[PDB]
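Asks: Below you will find the structure I want to go over with you.
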Number of protein chains: 2
Amino acid sequence: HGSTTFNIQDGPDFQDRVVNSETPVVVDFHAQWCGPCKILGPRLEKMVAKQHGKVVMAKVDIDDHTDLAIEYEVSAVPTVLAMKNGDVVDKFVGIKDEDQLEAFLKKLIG
Amino acid sequence: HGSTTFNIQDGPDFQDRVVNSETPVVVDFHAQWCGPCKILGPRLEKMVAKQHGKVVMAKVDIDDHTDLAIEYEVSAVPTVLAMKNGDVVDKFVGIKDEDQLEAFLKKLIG
């Protein structure tokens, strides 16, 4: 699909848009009961969008995607994984501000 | 309805077995991706079971029951709420050992 930011809909959708992505990906594990996700989520989303295809953001609602949180050993939300060619290359938990997200994205993109 | 320990199945099951409970209730909010819930869960279930109906334990899987987590402002798991006559009277987050769980239940029960 056209957008660099998207909700993961299922396991195949994850395999295709994350594992098989040809660009680096930020996977944002969140949930509707997690207050801090409501700050982080839109923040990162906007900054990912500004990169115009150099990075993509897969949003994963943990409640709809329990398997995925198990596979990635997510124990709290928000968790954001940086992924490349199918593997995890960086991670953080909790909120980060704009400068920190910018640094996180530059480290991933180059 | 003979067990003092039970999984909450839906909204009405919650209003009936927790809000409308005649006994003190320990509500355990857990998920399959949360490691520490696998220590706490069985430990607390066993200790509640030993009380033979002076308290009950309502288990709430947060992924099957997002709504309850939103209502009770659960921000992380494990979160355990103590409830009586439909109100929240105590709370803790994370694992506790048997001495702590034992004090917690004596404070609740009396």
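Each chain in the structure tokens gets a letter, A, B, ..., in the order shown, and its residues are numbered from 1; ligands are numbered from 1 in order too.
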Quick one: everything within 6 Å of residue 27 of chain A, counting only C-alpha atoms, minus sequence neighbours fewer than 6 positions away in the same chain. Send it as a count of residues only.

Replies: 5

Asks: Using only C-alpha atoms, find each residue in chain A having at least one atom no more than 7 Å away from chain B; report its shortest atom-to-atom pair and that distance in Å (one decimal), rows by chain then rising number, as JSON lines.

Replies:
```
{"residue": "A:33", "atom": "CA", "partner": "B:70", "partner_atom": "CA", "distance": 4.8}
{"residue": "A:34", "atom": "CA", "partner": "B:75", "partner_atom": "CA", "distance": 5.2}
{"residue": "A:63", "atom": "CA", "partner": "B:63", "partner_atom": "CA", "distance": 4.1}
{"residue": "A:66", "atom": "CA", "partner": "B:33", "partner_atom": "CA", "distance": 6.9}
{"residue": "A:69", "atom": "CA", "partner": "B:33", "partner_atom": "CA", "distance": 5.9}
{"residue": "A:70", "atom": "CA", "partner": "B:33", "partner_atom": "CA", "distance": 4.9}
{"residue": "A:73", "atom": "CA", "partner": "B:33", "partner_atom": "CA", "distance": 6.8}
{"residue": "A:74", "atom": "CA", "partner": "B:33", "partner_atom": "CA", "distance": 6.6}
{"residue": "A:75", "atom": "CA", "partner": "B:34", "partner_atom": "CA", "distance": 5.1}
{"residue": "A:76", "atom": "CA", "partner": "B:76", "partner_atom": "CA", "distance": 6.6}
```

Asks: I'd like the interatomic distance between atom CA of residue 38 of chain B and atom CA of residue 86 of chain B, to a tenth of an Å.

Replies: 26.9 Å

Asks: What is the atom CA of residue 16 of chain B to atom CA of residue 102 of chain B distance in Å?

Replies: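 So the two atoms, atom CA of residue 16 of chain B and atom CA of residue 102 of chain B, lie 26.0 Å apart.
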
Asks: Where does DSSP see alpha helix (DSSP H) in segment 43-78 of chain A, if you list the residues as a PyMOL selection string?

Replies: chain A and resi 43-50+66-71

Asks: Let's have the selection written as a short mmCIF file (atom, residue, chain, number, x, y, z; two decimals), in the first residue's frame, with N, CA, C and O atoms.

Replies:
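New file selection-v1.cif:
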```cif
data_model
loop_
_atom_site.label_atom_id
_atom_site.label_comp_id
_atom_site.auth_asym_id
_atom_site.auth_seq_id
_atom_site.Cartn_x
_atom_site.Cartn_y
_atom_site.Cartn_z
N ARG A 43 3.80 11.14 17.55
CA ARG A 43 5.09 11.74 17.42
C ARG A 43 5.98 11.02 16.44
O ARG A 43 6.53 11.62 15.57
N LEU A 44 6.13 9.72 16.60
CA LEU A 44 6.96 8.96 15.75
C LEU A 44 6.43 8.88 14.33
O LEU A 44 7.21 8.85 13.39
N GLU A 45 5.13 8.62 14.24
CA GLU A 45 4.39 8.59 12.99
C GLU A 45 4.66 9.82 12.10
O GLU A 45 5.02 9.60 10.96
N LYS A 46 4.62 11.01 12.66
CA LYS A 46 4.87 12.23 11.93
C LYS A 46 6.29 12.34 11.45
O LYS A 46 6.55 12.70 10.30
N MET A 47 7.22 11.96 12.32
CA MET A 47 8.61 11.99 11.95
C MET A 47 8.94 10.93 10.93
O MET A 47 9.71 11.22 10.02
N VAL A 48 8.32 9.74 11.02
CA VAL A 48 8.51 8.71 9.97
C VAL A 48 8.00 9.17 8.59
O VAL A 48 8.67 9.06 7.56
N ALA A 49 6.78 9.69 8.57
CA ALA A 49 6.15 10.31 7.38
C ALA A 49 7.04 11.34 6.65
O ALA A 49 7.15 11.31 5.41
N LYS A 50 7.73 12.19 7.42
CA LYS A 50 8.59 13.23 6.86
C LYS A 50 9.75 12.66 6.06
O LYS A 50 10.31 13.34 5.24
N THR A 66 -1.21 -10.59 19.94
CA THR A 66 -0.48 -11.25 21.02
C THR A 66 0.70 -12.11 20.60
O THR A 66 1.74 -12.08 21.25
N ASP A 67 0.54 -12.88 19.52
CA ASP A 67 1.65 -13.67 18.94
C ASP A 67 2.92 -12.91 18.68
O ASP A 67 4.03 -13.38 18.99
N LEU A 68 2.75 -11.71 18.18
CA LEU A 68 3.85 -10.88 17.76
C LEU A 68 4.56 -10.39 19.00
O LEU A 68 5.78 -10.39 19.02
N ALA A 69 3.83 -10.02 20.06
CA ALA A 69 4.47 -9.58 21.29
C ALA A 69 5.23 -10.70 21.95
O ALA A 69 6.23 -10.49 22.61
N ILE A 70 4.72 -11.93 21.83
CA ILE A 70 5.44 -13.11 22.31
C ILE A 70 6.72 -13.35 21.52
O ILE A 70 7.77 -13.62 22.08
N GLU A 71 6.64 -13.28 20.21
CA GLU A 71 7.79 -13.61 19.39
C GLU A 71 8.94 -12.62 19.69
O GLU A 71 10.11 -13.06 19.85
#
```

Asks: Excluding residue 18 of chain B and any residue of its chain fewer than 6 positions from it, enumerate the residues within 12 Å of it, using only C-alpha atoms, and give them as an mmCIF file with N, CA and C atoms, in the first residue's frame.

Replies:
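Below is the file that was written, part-v2.cif:
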```cif
data_model
loop_
_atom_site.group_PDB
_atom_site.id
_atom_site.type_symbol
_atom_site.label_atom_id
_atom_site.label_comp_id
_atom_site.auth_asym_id
_atom_site.auth_seq_id
_atom_site.Cartn_x
_atom_site.Cartn_y
_atom_site.Cartn_z
ATOM 1 N N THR B 4 -13.094 -20.605 43.585
ATOM 2 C CA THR B 4 -12.664 -19.282 44.069
ATOM 3 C C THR B 4 -11.718 -18.595 43.166
ATOM 4 N N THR B 5 -11.160 -19.307 42.195
ATOM 5 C CA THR B 5 -10.308 -18.743 41.184
ATOM 6 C C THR B 5 -10.925 -19.025 39.830
ATOM 7 N N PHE B 6 -10.935 -18.005 38.968
ATOM 8 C CA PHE B 6 -11.659 -18.091 37.704
ATOM 9 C C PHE B 6 -11.177 -17.027 36.725
ATOM 10 N N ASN B 7 -11.297 -17.329 35.429
ATOM 11 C CA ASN B 7 -11.045 -16.381 34.335
ATOM 12 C C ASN B 7 -12.312 -15.570 34.110
ATOM 13 N N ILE B 8 -12.173 -14.251 33.964
ATOM 14 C CA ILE B 8 -13.303 -13.399 33.564
ATOM 15 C C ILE B 8 -13.476 -13.554 32.056
ATOM 16 N N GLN B 9 -14.732 -13.769 31.662
ATOM 17 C CA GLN B 9 -15.043 -14.132 30.289
ATOM 18 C C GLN B 9 -15.514 -12.973 29.434
ATOM 19 N N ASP B 10 -16.247 -12.030 30.056
ATOM 20 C CA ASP B 10 -16.768 -10.834 29.410
ATOM 21 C C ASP B 10 -17.191 -9.763 30.444
ATOM 22 N N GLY B 11 -17.706 -8.627 29.942
ATOM 23 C CA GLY B 11 -18.257 -7.546 30.764
ATOM 24 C C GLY B 11 -19.240 -7.923 31.807
ATOM 25 N N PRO B 12 -20.355 -8.556 31.438
ATOM 26 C CA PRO B 12 -21.282 -9.053 32.445
ATOM 27 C C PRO B 12 -20.688 -10.018 33.509
ATOM 28 N N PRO B 24 -14.557 -10.271 49.309
ATOM 29 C CA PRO B 24 -13.422 -9.528 48.758
ATOM 30 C C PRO B 24 -12.885 -10.265 47.551
ATOM 31 N N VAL B 25 -12.426 -9.519 46.569
ATOM 32 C CA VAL B 25 -11.899 -10.000 45.308
ATOM 33 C C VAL B 25 -10.534 -9.374 44.953
ATOM 34 N N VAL B 26 -9.635 -10.201 44.437
ATOM 35 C CA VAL B 26 -8.339 -9.855 43.929
ATOM 36 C C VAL B 26 -8.506 -10.017 42.427
ATOM 37 N N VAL B 27 -8.304 -8.926 41.661
ATOM 38 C CA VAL B 27 -8.406 -8.912 40.213
ATOM 39 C C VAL B 27 -6.977 -8.907 39.647
ATOM 40 N N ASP B 28 -6.628 -9.915 38.891
ATOM 41 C CA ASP B 28 -5.290 -10.072 38.376
ATOM 42 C C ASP B 28 -5.294 -9.835 36.895
ATOM 43 N N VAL B 55 -11.796 -15.050 50.186
ATOM 44 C CA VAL B 55 -11.523 -14.139 49.058
ATOM 45 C C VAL B 55 -11.668 -14.935 47.750
ATOM 46 N N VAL B 56 -11.902 -14.254 46.636
ATOM 47 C CA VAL B 56 -11.859 -14.878 45.294
ATOM 48 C C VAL B 56 -10.922 -14.123 44.413
ATOM 49 N N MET B 57 -10.522 -14.741 43.307
ATOM 50 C CA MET B 57 -9.561 -14.227 42.389
ATOM 51 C C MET B 57 -10.173 -14.270 40.993
ATOM 52 N N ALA B 58 -10.344 -13.082 40.436
ATOM 53 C CA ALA B 58 -10.736 -12.874 39.078
ATOM 54 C C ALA B 58 -9.563 -12.533 38.151
ATOM 55 N N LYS B 59 -9.269 -13.445 37.241
ATOM 56 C CA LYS B 59 -8.229 -13.316 36.309
ATOM 57 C C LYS B 59 -8.744 -12.656 35.073
ATOM 58 N N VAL B 60 -8.049 -11.634 34.603
ATOM 59 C CA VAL B 60 -8.486 -10.828 33.429
ATOM 60 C C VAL B 60 -7.298 -10.792 32.456
ATOM 61 N N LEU B 68 -11.806 -3.445 30.251
ATOM 62 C CA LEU B 68 -11.552 -3.507 31.697
ATOM 63 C C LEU B 68 -10.231 -2.825 32.047
ATOM 64 N N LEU B 81 -5.588 -5.649 41.633
ATOM 65 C CA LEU B 81 -6.470 -4.786 42.378
ATOM 66 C C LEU B 81 -7.204 -5.599 43.473
ATOM 67 N N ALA B 82 -7.337 -5.068 44.660
ATOM 68 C CA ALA B 82 -8.211 -5.639 45.645
ATOM 69 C C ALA B 82 -9.474 -4.823 45.614
ATOM 70 N N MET B 83 -10.615 -5.521 45.628
ATOM 71 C CA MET B 83 -11.936 -4.933 45.489
ATOM 72 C C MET B 83 -12.938 -5.437 46.543
ATOM 73 N N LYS B 84 -13.746 -4.538 47.052
ATOM 74 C CA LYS B 84 -14.796 -4.907 47.989
ATOM 75 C C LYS B 84 -16.022 -4.007 47.777
ATOM 76 N N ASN B 85 -17.214 -4.602 47.820
ATOM 77 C CA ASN B 85 -18.509 -3.918 47.610
ATOM 78 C C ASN B 85 -18.467 -3.011 46.367
ATOM 79 N N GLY B 86 -17.800 -3.511 45.329
ATOM 80 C CA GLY B 86 -17.572 -2.814 44.068
ATOM 81 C C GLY B 86 -16.556 -1.705 43.988
ATOM 82 N N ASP B 87 -15.660 -1.557 44.968
ATOM 83 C CA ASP B 87 -14.633 -0.476 44.948
ATOM 84 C C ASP B 87 -13.227 -0.972 45.071
ATOM 85 N N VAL B 88 -12.280 -0.236 44.480
ATOM 86 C CA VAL B 88 -10.838 -0.533 44.578
ATOM 87 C C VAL B 88 -10.257 -0.055 45.905
#
```

Asks: So these two share a sequence; what Cα RMSD do you get laying chain B over chain A, all Cα, in order, least squares?

Replies: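 That comparison of chain A with chain B gives 0.1 Å.
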
Asks: Could you pull out the residues in chain A that DSSP calls strand (DSSP E or B) from the backbone, as a list in words?

Replies: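 Those in chain A that DSSP calls strand (DSSP E or B) are residues 5, 6, 7, 25, 26, 27, 28, 29, 30, 56, 57, 58, 59, 60, 61, 79, 80, 81, 82, 83, 84, 87, 88, 89, 90, 91, 92 and 93 of chain A.
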
Asks: May I have the selected residues written with N, CA, C and O atoms, as an mmCIF file, in the first residue's frame?

Replies:
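What ended up in again_32.cif:
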```cif
data_model
loop_
_atom_site.group_PDB
_atom_site.id
_atom_site.type_symbol
_atom_site.label_atom_id
_atom_site.label_comp_id
_atom_site.auth_asym_id
_atom_site.auth_seq_id
_atom_site.Cartn_x
_atom_site.Cartn_y
_atom_site.Cartn_z
ATOM 1 N N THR A 5 3.358 4.716 6.885
ATOM 2 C CA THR A 5 2.864 4.331 8.158
ATOM 3 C C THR A 5 1.522 3.585 8.080
ATOM 4 O O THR A 5 0.635 3.953 7.310
ATOM 5 N N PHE A 6 1.402 2.505 8.834
ATOM 6 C CA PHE A 6 0.311 1.554 8.665
ATOM 7 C C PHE A 6 0.177 0.710 9.886
ATOM 8 O O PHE A 6 1.131 0.541 10.626
ATOM 9 N N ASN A 7 -1.054 0.230 10.104
ATOM 10 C CA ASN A 7 -1.375 -0.781 11.089
ATOM 11 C C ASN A 7 -1.141 -2.137 10.458
ATOM 12 O O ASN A 7 -1.654 -2.414 9.373
ATOM 13 N N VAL A 25 12.537 -0.584 9.026
ATOM 14 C CA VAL A 25 11.243 -0.478 9.661
ATOM 15 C C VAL A 25 11.362 -0.195 11.188
ATOM 16 O O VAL A 25 12.314 -0.687 11.853
ATOM 17 N N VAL A 26 10.462 0.638 11.686
ATOM 18 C CA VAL A 26 10.187 0.888 13.086
ATOM 19 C C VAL A 26 8.866 0.206 13.398
ATOM 20 O O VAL A 26 7.820 0.439 12.740
ATOM 21 N N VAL A 27 8.888 -0.724 14.332
ATOM 22 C CA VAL A 27 7.672 -1.481 14.742
ATOM 23 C C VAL A 27 7.311 -0.928 16.100
ATOM 24 O O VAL A 27 8.138 -0.980 17.018
ATOM 25 N N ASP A 28 6.088 -0.403 16.234
ATOM 26 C CA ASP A 28 5.633 0.274 17.423
ATOM 27 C C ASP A 28 4.522 -0.585 18.009
ATOM 28 O O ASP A 28 3.483 -0.692 17.437
ATOM 29 N N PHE A 29 4.841 -1.295 19.064
ATOM 30 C CA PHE A 29 3.941 -2.106 19.850
ATOM 31 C C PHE A 29 3.211 -1.193 20.817
ATOM 32 O O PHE A 29 3.827 -0.536 21.650
ATOM 33 N N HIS A 30 1.893 -1.094 20.685
ATOM 34 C CA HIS A 30 1.130 -0.256 21.569
ATOM 35 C C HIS A 30 -0.207 -0.887 22.010
ATOM 36 O O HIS A 30 -0.572 -1.933 21.561
ATOM 37 N N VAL A 56 9.877 3.064 7.172
ATOM 38 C CA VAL A 56 8.464 2.720 7.282
ATOM 39 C C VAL A 56 8.187 2.421 8.754
ATOM 40 O O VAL A 56 9.112 2.085 9.490
ATOM 41 N N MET A 57 6.949 2.549 9.194
ATOM 42 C CA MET A 57 6.514 2.337 10.566
ATOM 43 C C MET A 57 5.337 1.383 10.525
ATOM 44 O O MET A 57 4.275 1.681 9.927
ATOM 45 N N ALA A 58 5.510 0.205 11.138
ATOM 46 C CA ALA A 58 4.451 -0.737 11.386
ATOM 47 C C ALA A 58 3.922 -0.635 12.803
ATOM 48 O O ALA A 58 4.574 -1.017 13.753
ATOM 49 N N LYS A 59 2.660 -0.322 12.936
ATOM 50 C CA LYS A 59 2.034 -0.217 14.213
ATOM 51 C C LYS A 59 1.382 -1.544 14.513
ATOM 52 O O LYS A 59 0.697 -2.121 13.653
ATOM 53 N N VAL A 60 1.561 -2.014 15.735
ATOM 54 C CA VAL A 60 1.097 -3.335 16.174
ATOM 55 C C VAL A 60 0.373 -3.148 17.495
ATOM 56 O O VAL A 60 0.977 -2.895 18.477
ATOM 57 N N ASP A 61 -0.916 -3.379 17.482
ATOM 58 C CA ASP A 61 -1.712 -3.312 18.648
ATOM 59 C C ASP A 61 -1.592 -4.661 19.355
ATOM 60 O O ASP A 61 -1.967 -5.708 18.808
ATOM 61 N N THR A 79 6.757 -0.278 23.163
ATOM 62 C CA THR A 79 8.065 -0.794 22.740
ATOM 63 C C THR A 79 8.191 -0.520 21.268
ATOM 64 O O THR A 79 7.298 -0.854 20.500
ATOM 65 N N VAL A 80 9.325 0.031 20.852
ATOM 66 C CA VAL A 80 9.635 0.241 19.469
ATOM 67 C C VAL A 80 10.903 -0.519 19.100
ATOM 68 O O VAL A 80 11.933 -0.344 19.767
ATOM 69 N N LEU A 81 10.802 -1.416 18.139
ATOM 70 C CA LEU A 81 11.923 -2.145 17.562
ATOM 71 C C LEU A 81 12.289 -1.519 16.204
ATOM 72 O O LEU A 81 11.393 -1.180 15.439
ATOM 73 N N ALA A 82 13.568 -1.248 15.967
ATOM 74 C CA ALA A 82 14.116 -1.059 14.637
ATOM 75 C C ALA A 82 14.497 -2.421 13.998
ATOM 76 O O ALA A 82 15.171 -3.246 14.621
ATOM 77 N N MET A 83 13.996 -2.658 12.787
ATOM 78 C CA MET A 83 14.253 -3.855 12.045
ATOM 79 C C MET A 83 14.769 -3.602 10.645
ATOM 80 O O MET A 83 14.436 -2.641 10.025
ATOM 81 N N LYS A 84 15.596 -4.526 10.199
ATOM 82 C CA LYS A 84 16.257 -4.479 8.925
ATOM 83 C C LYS A 84 16.494 -5.890 8.485
ATOM 84 O O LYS A 84 17.074 -6.694 9.228
ATOM 85 N N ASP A 87 15.608 -8.712 10.809
ATOM 86 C CA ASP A 87 16.191 -8.827 12.171
ATOM 87 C C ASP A 87 16.033 -7.543 12.978
ATOM 88 O O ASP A 87 16.007 -6.460 12.382
ATOM 89 N N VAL A 88 16.121 -7.658 14.306
ATOM 90 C CA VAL A 88 16.074 -6.543 15.221
ATOM 91 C C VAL A 88 17.452 -5.916 15.454
ATOM 92 O O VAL A 88 18.327 -6.541 15.966
ATOM 93 N N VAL A 89 17.573 -4.637 15.141
ATOM 94 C CA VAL A 89 18.841 -3.893 15.184
ATOM 95 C C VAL A 89 18.882 -2.788 16.217
ATOM 96 O O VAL A 89 19.948 -2.264 16.518
ATOM 97 N N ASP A 90 17.751 -2.454 16.813
ATOM 98 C CA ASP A 90 17.734 -1.500 17.899
ATOM 99 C C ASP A 90 16.339 -1.599 18.594
ATOM 100 O O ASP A 90 15.403 -2.173 18.077
ATOM 101 N N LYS A 91 16.264 -1.103 19.801
ATOM 102 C CA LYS A 91 15.011 -1.088 20.582
ATOM 103 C C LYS A 91 15.014 0.024 21.629
ATOM 104 O O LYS A 91 16.038 0.330 22.186
ATOM 105 N N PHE A 92 13.844 0.585 21.919
ATOM 106 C CA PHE A 92 13.602 1.299 23.134
ATOM 107 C C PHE A 92 12.169 1.036 23.638
ATOM 108 O O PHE A 92 11.293 0.604 22.890
ATOM 109 N N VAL A 93 11.991 1.352 24.919
ATOM 110 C CA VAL A 93 10.759 1.216 25.659
ATOM 111 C C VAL A 93 10.459 2.626 26.278
ATOM 112 O O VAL A 93 11.385 3.386 26.648
#
```

Asks: Mind pulling up the distance from atom CA of residue 110 of chain A to atom CA of residue 23 of chain A?

Replies: 11.8 Å

Asks: Between A:103, A:37, A:108, A:97, which is the closest to residue 78 of chain A once you count only C-alpha atoms?

Replies: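 Result for the nearest residue to residue 78 of chain A: A:37.
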